[PDB]
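Next up is one chain by itself, shown in structure tokens, the form deposited in one PDB entry.
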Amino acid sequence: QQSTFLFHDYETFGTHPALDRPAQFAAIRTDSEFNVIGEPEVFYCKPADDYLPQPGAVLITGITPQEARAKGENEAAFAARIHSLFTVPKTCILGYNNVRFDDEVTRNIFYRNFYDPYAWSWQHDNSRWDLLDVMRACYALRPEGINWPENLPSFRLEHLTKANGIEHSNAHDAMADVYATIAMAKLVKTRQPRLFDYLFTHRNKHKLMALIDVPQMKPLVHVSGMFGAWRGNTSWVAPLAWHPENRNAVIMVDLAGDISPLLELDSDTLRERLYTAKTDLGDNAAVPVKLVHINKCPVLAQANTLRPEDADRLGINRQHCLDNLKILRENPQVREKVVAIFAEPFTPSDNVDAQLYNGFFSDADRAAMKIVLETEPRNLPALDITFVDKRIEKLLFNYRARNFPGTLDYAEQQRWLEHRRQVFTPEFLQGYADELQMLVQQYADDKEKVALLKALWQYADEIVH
């Protein structure tokens, strides 16, 4: 066995990994130096009878449900084959914006189809990585030897390829975006091996904790999209405390922001202000507090990694940062307040699709679920097992109804049909139809997009009648 990178991409029918369903999946395997191993993979997913796609999404990808209905297979066979690629030992699974999007989709596909939601990402020396954050880090820290497009720097993949001399034909097709991803990976590793190798070696959470010192509030440069392009997605942060409820989260202070509220205000108002919209503040200062999830490949380094001139380029004032840090180190009651902001319960939906983060499944249940996968769908009803987790019973019905409709008996068929009738209410279809209509006018002068809106209208019409 040898270490490889697996570049992957999804195209989905919507922006919500739990409720929306996937459409296309692509992947290429490569060695340490980015050379294709074997054949690229690209497949579709046959969307079930209880789902209509977001019009927005179909407009973006050009993939109609009929398209995926034809050349794709059920979500259970989709899941199974992505699973076998993802679980090849010593694989680093990566992509573009895959940590916040694609991996979430992956987790839910496994959850719905009885695979471990997470194992693919740690077991047999597996790991994940996000290339979007690397591009951003490169622009902030070591921009020399690459072109960065503007409008303010854009990190949309189609722009970064075009503005560097790489084929970018038919974007938002999965296979092409993987190729472009591979493209940016080679470039940066060539032009900036120092930063690239550093970033890769720091994808794992244990290396990152080596940088984080709560008691000293030792400052760090942090590149993250939430900081905004108007300052290169970069600032100097300090760790105040480990999040009281989430163990993979550290509470940072953005030293570039205004620390009046933290000194002045108390626990509750601050929480209110933090979740106050950027527009409803009036004159009030923003809370310069941000969570960093150490399992989500965040970009962190020692302060001096942002070099004097680079900080000059992005317009980050170092003196004002050092000013803030020194006041904070002398004002420990601030640790109290920021902890308190995050130390308050939550309610999930009664929809089992949206329940992955209810908690891990036990050993006993995995066994159970392992046996589910090993049973012929036609013998599932006869299977005599009991599950501890309330979720599993509910997932199993959905699995069966969505992937194996013919294995349902009469009463289960009647149950399913009631589900479908509860999804496709009159109020919902009107909302759906209203949206298509709106888009049809908004694109009256576009044959390509109206044909899609027509297609979506037809698919909706047949799937509910």
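Heads up, when I say rigid core I mean the largest set of C-alphas that superpose within 1.5 Å between the two forms. Residue positions are given as counts along the sequence shown, with the first one as 1.
Although not depicted, the form deposited in another entry is the subject of the following passage.
For the residues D213, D266, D197, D125, superposed on the rigid core between this form and the one not shown, a C-alpha shift of 2 angstroms or more shows up only at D266.
Remark: with the core as the superposition reference, the CA shift of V223 between this form and the one not shown stays below 2 Å. Relative to the superposed core, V338 undergoes a C-alpha shift of no less than 2 Å between this form and the one not shown.
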